[PDB]
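Only one chain is included here, represented as structure tokens and corresponding to the form deposited in one PDB entry.
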């Protein structure tokens, strides 16, 4: 049962000092498709809960610092909800699908989101020295505090890992959207083809198979998008 009261107090300050700020970028849907919107809703929830749990972690480190100081004198959190996602694609017609896909920021906010959460991952996990054991504080109280610090340390690294996973979900949805724009017939081309059909009556039997292929392309894209955009909630552990 050795003590150094100076160390206890210094470590109290070190432990509750501000950690990296989590980003507050709001990820917006890349386009007007339901599957895109539901992805954004899921990210909003996951990221709100991450920030709420990170605020609870700051409380925990304050509470450790208070506990360290009260020693030296002597000498509501829930799961991230899952957003409902459509079981079946729902094939709207060509033009409306193309309009929905082409209306919105096309993934720009998702890149910014990912970038913020990625930086927070990388930086937060290099601020764990604050949870090391003591040099000259020994006994049961010291051992208890060391356990508690090590629990916070492990929780921080887990939070950093979940931050990386969430940023990747956002990148994944941005990639998906880019893929969907590359593959889906453009609004302008659908209108062009409808125009070609209207204006060329004798060509209409040659145009019909082309239009049917535009429809198969669209459906194929909407089926992928509906399926691949459904995200898992990010569910952090309690500190």
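Numbering follows the first chain given and starts at 1. Basically, rigid core = biggest C-alpha set you can superpose within 1.5 Å across the two forms.
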item: Other entries modelling both neighbours but not residue 133, at least a third; value: no
item: Residue gap status of residue 91, at least a third of other entries; value: yes
item: Residues of the deposited sequence that sit between residue 76 and residue 75 yet are not modelled; value: 10 or more
item: Stretch with the greater mean C-alpha B-factor as recorded in the entry, comparing 54-62 against 170-178; value: 54-62
item: 132-140 set against 153-161, stretch whose average Cα temperature factor tops the other in the entry; value: 132-140
item: Member of 94, 108, 84, 101 with the greatest C-alpha B factor (per the PDB record); value: 94
item: Selection by C-alpha B-factor (highest) of 205, 188, 32, 183; value: 205
item: Residue 211, C-alpha B-factor rank within chain (lowest, middle or highest third); value: middle
item: Among modelled residues of the same chain, the CA temperature factor third for residue 239; value: highest
item: Third of chain Cα B-factors occupied by residue 123; value: middle
item: B-factor third for the C-alpha atom of residue 226 within its chain; value: middle
item: Lowest, middle or highest third - CA B-factor, residue 193; value: middle
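The following text describes the form deposited in another entry, which does not appear among the structures shown.
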{"property": "Mobile residue between this form and the one not shown, C-alpha criterion 2 Å or more, rigid core, from 138, 115, 105, 96", "result": "138"}
